[PDB]
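Trainee: What follows is a single structure, and I will ask about it in a moment.
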Amino acid sequence: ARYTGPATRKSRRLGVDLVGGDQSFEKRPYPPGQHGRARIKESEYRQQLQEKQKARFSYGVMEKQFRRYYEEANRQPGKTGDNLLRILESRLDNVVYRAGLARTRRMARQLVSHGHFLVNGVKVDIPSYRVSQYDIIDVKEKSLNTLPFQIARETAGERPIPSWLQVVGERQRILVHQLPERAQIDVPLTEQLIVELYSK
Amino acid sequence: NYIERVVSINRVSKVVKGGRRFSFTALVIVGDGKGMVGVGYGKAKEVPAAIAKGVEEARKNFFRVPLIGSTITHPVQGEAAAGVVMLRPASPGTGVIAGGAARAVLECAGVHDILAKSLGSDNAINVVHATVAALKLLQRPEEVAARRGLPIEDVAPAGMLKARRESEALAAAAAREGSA
Amino acid sequence: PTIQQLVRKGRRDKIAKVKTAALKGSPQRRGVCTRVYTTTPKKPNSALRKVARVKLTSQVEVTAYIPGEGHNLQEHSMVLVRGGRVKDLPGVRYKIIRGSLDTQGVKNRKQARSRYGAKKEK
Amino acid sequence: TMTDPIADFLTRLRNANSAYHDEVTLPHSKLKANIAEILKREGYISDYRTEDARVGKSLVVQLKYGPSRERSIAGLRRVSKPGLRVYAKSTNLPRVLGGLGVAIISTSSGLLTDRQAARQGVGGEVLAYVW
RNA sequence: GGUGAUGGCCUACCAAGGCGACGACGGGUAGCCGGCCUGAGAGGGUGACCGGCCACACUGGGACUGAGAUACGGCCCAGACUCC
RNA sequence: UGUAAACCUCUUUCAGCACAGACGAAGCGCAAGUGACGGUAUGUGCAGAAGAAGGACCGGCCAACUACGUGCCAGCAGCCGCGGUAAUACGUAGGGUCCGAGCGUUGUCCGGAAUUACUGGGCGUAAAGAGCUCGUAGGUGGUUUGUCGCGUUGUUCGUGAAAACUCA
RNA sequence: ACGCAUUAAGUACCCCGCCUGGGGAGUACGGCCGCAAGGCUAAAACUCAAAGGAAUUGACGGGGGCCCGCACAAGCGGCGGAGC
């Protein structure tokens, strides 16, 4: 199940802007509620918890899914934080957002869910699909001409794409080399606290 | 950049003819995160004053930890008062795994990945002293080699040698990035 | 102890104290009350706690607390008992589930409703 | 009575090292001589010499002390004692201080350091830990 | 003597032996395992599904046929219960 | 509360309605047929944000607080304990936190418990040295030579069903 | 912690006895021994959220030591009796 509630709310609480370009965070940087102005006693559990909240509420994953991802990454031979971030960046929704066809992660989630994409010729309408090496992501014809997709693709002068993603043609084709490393994820926040929380 | 943590604020009392006189105690750990740590215990009539005394005491009593890049050299077992703490080196990317007081001392000293467990006397101050004793018990490979008069090849294992190489490489790369 | 003393005697575990014996390996049991009455708590506290003396399907007589502010239960009505500890009552080890069998979900309840068996408003 | 001569060796060494003595005199045995050979090779003791006493030979070991008064031995603990004897496979050789210490293992080829036994592929009974 | 087979398995005679604190004989409980859950590991708990063995077919005895029988939907007897 | 909403644009996964519609069958069969699942899975079309969120918790452990209502009453509670007219602990509100087709309670086991301590505990005063000896079984054993290869160690072969666990 | 400190409660090896929260309880039942008194072996239900050790600061003592104050002792004058 997805989360539908307001988005700037969670950025407000967590102290970090997630979408990035909203005005509500700047005009209200403090946490919500009647007592969002109250001074708050510090706690290592609070730190580690809020870190996970930023990660999960930036990517869209739920707690069960994220815990499974963490267990997978801990099982992986690499450093647990790096394996975490590269696994959560292998998601189709994140890849689509990163390639520029989605103005936001919610855009990418819905646009993948309604089956506007196709990887290696198969109609993949699931956001949690994990992109592997050497995958070619194309769009279908019915979605190629639709007004919002067209607007986003034609006006796409926003944030630069990373190295391993590459858009190459005017048809909005996506091609991937490799799974990112800790330099190339370059999402905010920190991984050690994420690992320690689940190590508790 | 000194990193300070305050693990225990305890309200302590002495009784006189009129009644109870109350004072506060603070156990403060001061560290830079680069391998230099020191524990301070201060007491005063108010929390901020006790905190200042603890910080000054900790800065007065400093102490160096024999890290290997990120983790400590070898497993050890510290004992102070009735507190017992075991420390075990961890692999890169593990993170600090320890209780409250032990985690505070351990992360102020600059250790990132280490396994730690307290085996008695859950009192915070005694666990801190046990951790300090365990850290004092650590030895560097160069010093062990000098102590028994052998070259580093016959003292430390190959795994520690490669870890030393990689830690030196990271230090040099960061120094090059900073200088230019 | 020496290793030979161990190969001679061995280490024996602490014996487990069986808790909530009347349930007889069951999560809940369907009982029937003998009395409905109030009972005074300990020294530090002071109230008038409502309990019931239930004859259980396990062929055991137990006293069970009745949570909530208002209960319809009168003497000898069918109930569904549950495990639970209350300090104030020294000899009470079980709780009566609100919203099962004859027990009515408490009235005017709006918060933490599922614990008290009250349906959702409209 | 005297049941563990090797543990007697180790505790005499430990007590003398803690009291900062320079020489240590023992009744002599071939096993003790071999253990002293290993300790000398690994740099823990300076030198050892056997001398003749009224009722037999005697082991005298000279202790090694650092120029800043530091001791060359940090610990000395026995492992396989009468009663509970410890035997180790080649793939389970014990490591002391993450390998910074030395474990002396009796093997069919003789007394060997754990590094030596892991290199040669043999295993045996672990006698003591030195660090 | 018996059995497919060795054997107090059974029988006649002869000898007086055999098992026991490294717990006989009793009492209580329980199908056993591959595995499952937990735990850093050792260990602790457990034997749901799937798979291999074992035991049983209302209770208690018995044999027949057969290469092969606890013979669930076979036989004989004695019981308790249901029906004509 | 809250970019939340109202409003302007937009895509419509999944359900709804239509048409098409399998693999499972290098199979059976000397017959012409042979799929129970099933007209399902699955494809291609139309309609429009339209048919779709709740549950615990918010004194400390333990992420998350203010107002009103009863004042040792009513009630809460996993432990310390909260209620005695100005309660962040009761009830209701707002607000918040955690999860989300689930959320809580009970029961049972493991963990935390180094709290049966082999790894890995103890016995002067905290629980714990028999009132003291002798001695049976048992456990344990000083220096050294030779032999055996039982313990120990190395290598090879067979076995350790499949499923399970872990890596690809 | 008090303290132990070659006569260890220090560093070590071997063997034995014992402990696993406080009550209930060294009690009940069973057994052995005893003339008896009783001893030895030795639980469970129920109940408590502690029971404890060492040391600190006060308070207290029909504990000690050193001091004072119309406190006593040495004196003067009263109150308690009467009316207001």
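Letters for chains follow the order of the structure tokens (A, B, ...), residue numbers begin at 1 for each chain, and ligand numbers begin at 1 in the order shown.
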Residues within 9 Å of residue 92 (chain C), please, as a ChimeraX atom specification. Count only C-alpha atoms (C1' of nucleotides); anything in the same chain fewer than 2 positions from it doesn't count.
Mentor: /C:51,62-65,84-90,94-95
Trainee: Can I get the selection written as an mmCIF file, in the first residue's frame, with C-alpha atoms?
Mentor:
data_model
loop_
_atom_site.group_PDB
_atom_site.id
_atom_site.type_symbol
_atom_site.label_atom_id
_atom_site.label_comp_id
_atom_site.auth_asym_id
_atom_site.auth_seq_id
_atom_site.Cartn_x
_atom_site.Cartn_y
_atom_site.Cartn_z
ATOM 1 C CA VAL C 51 -14.521 -8.466 39.834
ATOM 2 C CA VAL C 62 -11.014 -18.096 39.519
ATOM 3 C CA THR C 63 -11.578 -14.400 40.132
ATOM 4 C CA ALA C 64 -11.405 -12.196 37.055
ATOM 5 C CA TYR C 65 -11.327 -8.418 36.813
ATOM 6 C CA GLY C 84 -3.808 -10.353 32.978
ATOM 7 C CA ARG C 85 -2.117 -8.936 36.080
ATOM 8 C CA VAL C 86 -3.422 -6.267 38.454
ATOM 9 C CA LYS C 87 -1.336 -5.211 41.458
ATOM 10 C CA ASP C 88 -4.163 -3.625 43.430
ATOM 11 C CA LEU C 89 -5.955 -6.938 43.689
ATOM 12 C CA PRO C 90 -3.505 -9.440 45.228
ATOM 13 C CA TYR C 94 -7.265 -13.039 34.981
ATOM 14 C CA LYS C 95 -9.274 -10.465 33.016
#
Trainee: Leaving out residue 94 (chain F) and any residue of its chain fewer than 3 positions from it, which residues lie within 9 Å of it when counting only C-alpha atoms (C1' of nucleotides), given as a PDB file with N, CA, C and O atoms (P, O5', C5', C4', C3', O3' and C1' of nucleotides), in the first residue's frame?
Mentor:
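Final output, out31.pdb:
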ATOM      1  P     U F   1      -0.152  22.537  10.840  1.00  0.00           P
ATOM      2  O5'   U F   1      -1.142  21.492  10.167  1.00  0.00           O
ATOM      3  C5'   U F   1      -1.471  20.289  10.839  1.00  0.00           C
ATOM      4  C4'   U F   1      -2.960  20.084  10.931  1.00  0.00           C
ATOM      5  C3'   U F   1      -3.705  20.041   9.613  1.00  0.00           C
ATOM      6  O3'   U F   1      -3.602  18.775   8.986  1.00  0.00           O
ATOM      7  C1'   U F   1      -4.886  21.390  11.167  1.00  0.00           C
ATOM      8  P     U F  66       3.200  20.234  26.554  1.00  0.00           P
ATOM      9  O5'   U F  66       2.067  21.334  26.334  1.00  0.00           O
ATOM     10  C5'   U F  66       0.954  21.427  27.212  1.00  0.00           C
ATOM     11  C4'   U F  66      -0.292  21.854  26.476  1.00  0.00           C
ATOM     12  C3'   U F  66      -1.578  21.875  27.285  1.00  0.00           C
ATOM     13  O3'   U F  66      -1.721  23.042  28.072  1.00  0.00           O
ATOM     14  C1'   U F  66      -1.966  20.807  25.217  1.00  0.00           C
ATOM     15  P     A F  67      -2.697  23.030  29.345  1.00  0.00           P
ATOM     16  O5'   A F  67      -4.161  22.978  28.718  1.00  0.00           O
ATOM     17  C5'   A F  67      -4.744  24.136  28.138  1.00  0.00           C
ATOM     18  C4'   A F  67      -6.114  23.856  27.572  1.00  0.00           C
ATOM     19  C3'   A F  67      -7.158  23.332  28.547  1.00  0.00           C
ATOM     20  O3'   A F  67      -7.766  24.367  29.298  1.00  0.00           O
ATOM     21  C1'   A F  67      -7.193  22.033  26.572  1.00  0.00           C
TER      22        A F  67
END
Trainee: Using only C-alpha atoms (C1' of nucleotides), determine which residues lie at most 9 Å from residue 129 (chain F), disregarding the query and same-chain residues fewer than 4 positions distant; provide the list as a ChimeraX atom specification.
Mentor: /F:123 /G:17-18
Trainee: Output the selection as a PDB file, in the first residue's frame - N, CA, C and O atoms (P, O5', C5', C4', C3', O3' and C1' of nucleotides) for each residue.
Mentor:
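Listed below is the output, selection29.pdb:
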ATOM      1  P     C F 123      34.059 -15.996  45.886  1.00  0.00           P
ATOM      2  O5'   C F 123      33.418 -16.822  47.081  1.00  0.00           O
ATOM      3  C5'   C F 123      32.334 -16.305  47.832  1.00  0.00           C
ATOM      4  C4'   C F 123      31.851 -17.323  48.825  1.00  0.00           C
ATOM      5  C3'   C F 123      32.942 -17.981  49.649  1.00  0.00           C
ATOM      6  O3'   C F 123      33.256 -17.221  50.799  1.00  0.00           O
ATOM      7  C1'   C F 123      31.480 -19.630  48.767  1.00  0.00           C
TER       8        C F 123
ATOM      9  P     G G  17      31.612 -34.189  46.110  1.00  0.00           P
ATOM     10  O5'   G G  17      31.255 -33.157  47.262  1.00  0.00           O
ATOM     11  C5'   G G  17      31.158 -33.582  48.607  1.00  0.00           C
ATOM     12  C4'   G G  17      30.883 -32.424  49.526  1.00  0.00           C
ATOM     13  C3'   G G  17      29.747 -31.509  49.119  1.00  0.00           C
ATOM     14  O3'   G G  17      28.470 -32.022  49.436  1.00  0.00           O
ATOM     15  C1'   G G  17      31.602 -30.208  49.727  1.00  0.00           C
ATOM     16  P     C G  18      27.224 -31.688  48.486  1.00  0.00           P
ATOM     17  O5'   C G  18      27.112 -30.103  48.536  1.00  0.00           O
ATOM     18  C5'   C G  18      26.367 -29.462  49.557  1.00  0.00           C
ATOM     19  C4'   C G  18      26.760 -28.018  49.718  1.00  0.00           C
ATOM     20  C3'   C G  18      26.022 -27.009  48.858  1.00  0.00           C
ATOM     21  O3'   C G  18      24.740 -26.671  49.355  1.00  0.00           O
ATOM     22  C1'   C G  18      28.328 -26.560  48.778  1.00  0.00           C
TER      23        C G  18
END
Trainee: Find the residue from E:44, E:13, E:26, E:75 that sits nearest to chain C; use only C-alpha atoms (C1' of nucleotides) when measuring.
Mentor: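 Answer, going by the shortest atom-to-atom distance: E:44.
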Trainee: Would you work out the distance separating CA of residue 97 (chain C) from CA of residue 73 (chain C), expressed in Å to one decimal?
Mentor: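 Between these atoms lies a distance of 12.0 Å.
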